[PDB]
Amino acid sequence: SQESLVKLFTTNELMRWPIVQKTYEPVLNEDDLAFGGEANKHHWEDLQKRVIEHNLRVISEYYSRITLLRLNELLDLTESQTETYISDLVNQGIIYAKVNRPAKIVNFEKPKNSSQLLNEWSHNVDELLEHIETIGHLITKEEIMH
Amino acid sequence: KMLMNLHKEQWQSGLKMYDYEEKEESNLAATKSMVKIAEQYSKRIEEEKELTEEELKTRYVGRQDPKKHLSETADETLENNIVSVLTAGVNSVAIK
Amino acid sequence: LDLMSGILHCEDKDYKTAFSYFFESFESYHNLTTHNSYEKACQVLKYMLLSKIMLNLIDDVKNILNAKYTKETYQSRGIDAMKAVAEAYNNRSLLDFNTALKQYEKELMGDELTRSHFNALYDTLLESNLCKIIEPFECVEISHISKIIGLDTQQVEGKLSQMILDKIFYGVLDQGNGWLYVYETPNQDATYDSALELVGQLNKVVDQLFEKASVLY
Amino acid sequence: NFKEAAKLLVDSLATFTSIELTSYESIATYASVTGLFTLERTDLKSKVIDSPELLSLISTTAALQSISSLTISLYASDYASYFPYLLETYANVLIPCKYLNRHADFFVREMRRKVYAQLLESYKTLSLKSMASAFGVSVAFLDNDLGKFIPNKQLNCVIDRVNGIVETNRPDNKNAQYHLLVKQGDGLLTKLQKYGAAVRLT
């Protein structure tokens, strides 16, 4: 019972609010001191924010570029809500983003200098040459086998 | 022959380029340092033109020679950077 | 002696020293006999409220208040002003200040020190809110900033032009689409700057060489 | 050349001793002229608006007054009031002065170049009418003044007469720093050649 709710936010999959709402409605919304109590009836409303803010982590890493018009479907929001929640979340430091106001594309990205991109490209090259040397050893080895 | 040999990728270590952060470092240092030894080079040749060679070199910093030292640095950083350009041009074209 | 120093360090923009000096002069003016020290208790008190607004601690504006000397012994329009501006700088609402100084206009006209610090205050407030909006945004409409910031569309465009010149975000405002690009990019590289000096050195050296070769000619 | 002048004369505000040397209000006026020429915003604001010396001397005479008001308007981006002050500066400051009669033409032309170039630094696009209105001139007249100044270039702008914008090109990046170096280098190559042929002949 507990295990199904917690499992959702330990993975970094996508998830959608109207679905999550329904699943747990006759399980934990019917257990008081969780959701659906009194003060906890006003925390069922909070659960909405959690799903969105978790989704934005996933989406930033995965999409380097995505349309906003697409984004508002995913999070199950309209345009006004979606911009607010990205802006706050860029300040908090979890994600870094740039959002365009006319209704173009929202790009999620981390800054990468010239020097940095090239460093990765040095490491690729080194690692490829180690791959080829070990391959020559197992060919020599096959001659012993057959 | 047994002593002369080394690893199986020591004869295959010019394809091993360096990280370019470090190569930028090499670029930046050499240009900066040469400004300061050049300054030193300007002071030396303002005088040094009366008689007796050793005296003049003791007077106007002609010993601790900046003229020799400026050339040396330049040549040193010059031979490195010809191979670095060579390395990059080979690896980009050769592999892909 | 303390009063004078109070105003002068306040102007120099240290509000830690100002508050200490204006506390000292509050003790003298309030409790000794009145002949003009009615007017001068009242004025030092208003500058004590002001100093706290610059720090952005507004609880201390409220601790100072009480109807024992602040809404009792000295009771002015100026007391209402200070708590209004205080709420407004804390809120981050430049619109609340703008309404506030309109109706407390007669306080404003009469004191020099207030007027200087409500200009200082306007521009510091404007920059801190403006940031918030354009940090997670790029290609953002100027109309959109304006609603949030509390300002006319034009007033925003005029201000934005000045922030670029100071170089506190060094971007460019495109007025033909109304979009603001913020550029944090380095346009400078170390090698290139050091290289302009290195070459510089050689040009001076080659003049010095030329004198020595004069003998040859 | 005023580059040396500014340096000597901004200092001459602080401590001055005068034996057959012209009045202190006269020296103040000259210093404001030399400040404008040399320095740009950040520096300028310190030196010639926030000096204690000028601020204690106030303005009481015409010459000092016009020059002074011009200087604050370059900083403060009131471009409206800039051109009335600029015109006052021509008549009352540049020309009756002996040491600026021959540099009056050059100084005003430069001034027009700077103020429009400042505006441009803060813009990527403008409109023709907005730009013209701020100055308090016509669009037709504006195109005409830009069209003398752009070839020589300090503005760094183009004008699309057809879409009705004024567009601003930016070559400041690594491109700028490359252009700076190659040119300075072109001279070093010329000099090296030139002296060398002469000794090789000997």
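Residues numbered from 1 in each chain as written, not as in the entry; some residues may be left out. Chains lettered and ligands numbered in written order. Part of a larger assembly, values for the part shown. Heavy atoms only, no water.

Method information in the entry identifies cryo-EM as the source of the structure, with 4.5 Å recorded as the resolution.

J.: What should I look at first to understand the overall build of chain D in this one?
T.: Helix and strand counts for chain D come out as 10 helices and 2 strands. Along chain D, helices and strands appear, N-terminal first, in the series α-α-α-α-α-α-α-β-α-α-β-α. Taken over the C-alpha trace, chain D has a radius of gyration of 21 Å; the compact-globule value for 202 residues is 17 Å, which it surpasses by more than 25%. Along the longest, intermediate and shortest principal axes, the C-alpha atoms of chain D span 60 × 60 × 30 Å. Of all 202 residues assigned to chain D, the portion counted as buried reaches 37%. Counting contacts in chain D only where the partners sit at least 6 residues apart, residues at least 24 apart contribute 58% of the total. Accessible surface for chain D amounts to roughly 11600 Å². Of this, 56% is attributable to carbon and sulfur atoms. In chain D, which carries 22 positive and 19 negative side-chain charges, the distance between the mean positions of the two groups comes to 9 Å. (Helix = DSSP H or I, 4+ residues; strand = E, 2+ residues; numbered from the N terminus. Rg over C-alpha atoms; globule rule 2.2 N^0.38 Å. Buried < 20%, exposed > 50% of the residue type's maximum accessible area, 1.4 Å probe, protein only. Contact = heavy atoms within 4.5 Å. Areas by Shrake-Rupley, 256 points an atom, 1.4 Å probe, with all protein chains shown as cover. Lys, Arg positive; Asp, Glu negative; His and termini not counted. Charge placed at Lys NZ, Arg CZ, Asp CG, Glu CD.)

J.: Would you mind going over the arrangement of the chains with me for this structure?
T.: By contact count, the leading pair among the 4 pairs of chains in contact is chains C and D. When C-alpha atoms are compared, chain A and chain D, though not in contact, are closest at a spacing of 13 Å.

J.: Whenever I open this one, helix 5 (residues 62–76) of chain D confuses me. Can you help?
T.: Given 3.6 residues to a turn, an α-helix orients residues that are three or four positions apart in the same direction. Residue and element names in this part refer to chain D. Here helix 5 is 15 residues long and its end C-alpha atoms lie 21 Å apart, about the 21 Å a rise of 1.5 Å per residue gives. Those residues of helix 5 that are buried are in contact with helix 2 (24–38), helix 3 (41–49), helix 6 (82–94) and helix 7 (104–121). The positive-phi residue at the C-terminal boundary of helix 5 is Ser 77, with phi of around 65 degrees. (Expected span 1.5 Å × (residues − 1).)

J.: Would you mind showing me how to read the interface of chain A and chain B here?
T.: Many analyses report the size of an interface as the accessible area lost when the parts associate. The interface of chain A with chain B comprises 11 residues on the first partner and 13 residues on the second. Between chain A and chain B, the buried area comes to about 1100 Å², and carbon and sulfur atoms account for 61% of it. When the area that chain A buries against chain B is broken down by residue, the three leading residues are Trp 121, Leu 129 and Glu 133 of chain A, summing to 38%. Here chain A is connected to chain B by 2 residue pairs in polar contact. Of the residues that constitute the side of chain A that touches chain B, the class distribution is 4 nonpolar, 5 polar and 2 charged. (Buried area = accessible area lost by both parts, 1.4 Å probe. Polar contact = N/O pair within 3.5 Å; in protein donor to acceptor, adjacent residues only side chain to side chain. Nonpolar A, V, L, I, M, F, W, Y, C, P; charged D, E, K, R; others polar.)

J.: Looking at this model, I keep getting lost on the sheet that holds strand 3 (residues 105–108) of chain A. Mind explaining?
T.: Within a beta sheet, neighbouring strands are joined by backbone hydrogen bonds and run either parallel or antiparallel to one another. All names here are of chain A. Here we have 3 strands laid out as an open sheet, ordered 1-3-2, and antiparallel in their pairing. Only two strands of the sheet have a single partner each, and these edge strands are strand 1 (65–67) and strand 2 (97–98). Packed on one face of the sheet, helix 4 (residues 68–75) meets strand 1 and strand 3 and runs near 85 degrees to strand 1. (Pairing = 2+ DSSP bridges. Axes fitted to C-alpha atoms, helices over the stretch in contact; angles between N-to-C directions.)

J.: Honestly, the sheet that holds strand 2 (residues 172–174) of chain C in this entry has me stumped. Any pointers?
T.: Strands sit in the order 1(C)-3(C)-2(C)-1(D)-2(D) across an open sheet of 5 strands; the sheet is mixed. Each of the sheet's edge strands pairs with one partner strand only, and the pair in question is strand 1 (140–141) of chain C together with strand 2 (165–167) of chain D. By the bridge criterion, 3 bridges tie strand 1 (residues 123–127) of chain D to strand 2 of chain D in an arrangement that is antiparallel. Paired with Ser 127 of chain D across the strands is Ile 165 of chain D, a residue of strand 2 of chain D. Relative to strand 2 of chain C, helix 10 (residues 153–166) of chain C is tilted by about 150 degrees, and along the sheet it contacts strand 2 and strand 3 (179–181) of chain C together with strand 1 of chain D.

J.: In this structure, what is going on with the UniProt feature "domain: PCI" in chain C? I would like to understand it.
T.: According to UniProt, the positions carrying the feature "domain: PCI" are residues 18–187 of chain C. Taken end to end, residues 18–187 of chain C is 68% helix and 5% strand, and its two terminal C-alpha atoms sit 42 Å from one another. (UniProt positions renumbered as here; feature names shortened; annotations may be inferred.)

J.: Quick question: what am I supposed to make of the UniProt feature "domain: PCI" in chain D here?
T.: UniProt feature "domain: PCI": in the numbering of this structure it lies at residues 1–173 of chain D. Secondary structure across residues 1–173 of chain D comprises 60% helix and 5% strand; the distance between its end C-alpha atoms is 30 Å.

J.: So what exactly am I meant to see when it comes to the packing of helix 8 (residues 112–134) of chain C against helix 9 (residues 142–149) of chain C here?
T.: Geometrically, a packed helix pair is captured by the angle between its two axes and the distance between the axes. All names here are of chain C. The contact between helix 8 and helix 9 brings their axes to 10 Å, and the two run at 130 degrees. Taken together, helix 8 and helix 9 sit at an angle that is classed as oblique. In this structure, the crossing between helix 8 and helix 9 has a hand that is right-handed. Here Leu 126, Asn 129, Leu 130, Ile 133 and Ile 134 of helix 8 lie close against helix 9, whose contacting residues are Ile 145, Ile 148 and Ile 149. Residues belonging to the contact of helix 8 with helix 9 are distributed by class as follows: 7 nonpolar, 1 polar and no charged. (Parallel < 35°, antiparallel > 145°, perpendicular 65-115°, else oblique. Left-handed = near helix turned anticlockwise from the far one by under 90°.)

J.: Looking at this model, I keep getting lost on the side chain of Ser 122 of chain D. Mind explaining?
T.: Take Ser 122 of chain D: it is sitting in the loop between helix 7 and strand 1. The contacts of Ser 122 of chain D, once residues within four sequence positions are left out, are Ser 161, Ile 164, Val 172 and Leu 173 of chain C.

J.: It is not clear to me how the interface of chain D and chain C should be interpreted in this structure. Could you clarify?
T.: Facing 29 residues of chain D, the contacting portion of chain C comprises 30 residues. Where chain D abuts chain C, roughly 2700 Å² becomes buried across the two surfaces, and 60% of that area is made up of carbon and sulfur atoms. Three residues, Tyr 123, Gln 177 and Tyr 195 of chain D, lead the burial of chain D against chain C; their summed loss comes to 22% of the area buried on that side. In this structure, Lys 174 of chain D and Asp 189 of chain C form a salt bridge, with 3.7 Å as the shortest nitrogen-oxygen distance. Our count for the chain D to chain C interface comes out at 12 residue pairs in polar contact. For the side of chain D that touches chain C, the secondary-structure elements that each account for two or more residues are helix 7, strand 1 and helix 10 (174–201) of chain D. The element that contributes the greatest number of residues to the side of chain D that touches chain C is helix 10 of chain D, accounting for 13 residues. Along the lines of polarity and charge, the residues of the side of chain D that touches chain C split into 11 nonpolar, 11 polar and 7 charged. (Salt bridge = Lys/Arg side-chain N within 4 Å of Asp/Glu carboxyl O.)

J.: Honestly, the packing of aromatic side chains in this entry has me stumped. Any pointers?
T.: How two aromatic rings sit relative to each other is given by the distance of their centres and the angle of their planes. Counted according to the given criterion, the structure contains 19 aromatic pairs over all chains. Note on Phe 37 of chain D and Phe 106 of chain D: the rings are 5.6 Å apart at their centroids and 50 degrees apart in plane angle, and the pair reads as tilted. Taken together, the positions of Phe 37 of chain D in helix 2 and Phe 106 of chain D in helix 7 put the pair 69 residues apart, joining distant regions of the chain. Exposure remark for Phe 37 of chain D: the relative accessible area of 12% places this residue in the buried category. Summarising the aromatic geometry, the rings of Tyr 82 of chain D and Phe 83 of chain D are spaced 5.7 Å apart at their centres and angled 85 degrees between planes, so their arrangement reads as edge-to-face. For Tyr 82 of chain D, a relative accessible area of 0% corresponds to the buried category. Feature note: the residues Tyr 82, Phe 83, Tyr 116, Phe 135 and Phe 149 of chain D constitute an aromatic cluster, connected by ring pairs. Lying over the aromatic face of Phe 19 of chain C, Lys 52 of chain C brings its terminal NZ or CZ to 4.2 Å of the ring centre. (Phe/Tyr/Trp six-rings, centres within 6.5 Å; stacked < 30°, edge-to-face > 60°. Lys NZ or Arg CZ within 6 Å of the ring centre and 35° of its normal.)

J.: Just to check I follow, could you spell out the nonpolar core for this structure?
T.: A general feature of soluble globular proteins is that nonpolar side chains tend to end up buried together. Among the nonpolar cores identified, the biggest contains 116 residues, and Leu 71 and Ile 86 of chain A, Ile 53 and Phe 169 of chain C together with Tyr 116 and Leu 155 of chain D are the most heavily contacted of them. Take this core: its biggest share by element is 10 residues, from helix 3 (residues 37–55) of chain C. Residue contacts for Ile 86 of chain A: discarding those within four places in its chain leaves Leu 56, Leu 71, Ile 95, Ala 97, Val 99, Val 106 and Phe 108 of chain A. (Core = buried A, V, L, I, M, F, W, Y, C linked by side-chain atoms within 4.5 Å.)

J.: Can you help me understand the packing of helix 11 (residues 190–212) of chain C against helix 10 of chain D in this one?
T.: Running from N to C, helix 11 of chain C and helix 10 of chain D cross one another at 15 degrees; their axes reach a closest spacing of 10 Å. Taken together, the axis directions place helix 11 of chain C and helix 10 of chain D in an arrangement best described as roughly parallel. Pair helix 11 of chain C / helix 10 of chain D crosses with left-handed handedness. Residue-level inspection shows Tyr 192, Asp 193, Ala 195, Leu 196, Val 199, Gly 200, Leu 202, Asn 203, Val 206 and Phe 210 of chain C of helix 11 of chain C in contact with helix 10 of chain D, the latter providing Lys 174, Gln 177, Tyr 178, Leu 180, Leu 181, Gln 184, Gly 185, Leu 188, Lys 191, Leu 192 and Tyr 195 of chain D. By residue class, the composition of the contact of helix 11 of chain C with helix 10 of chain D is 13 nonpolar, 5 polar and 3 charged.

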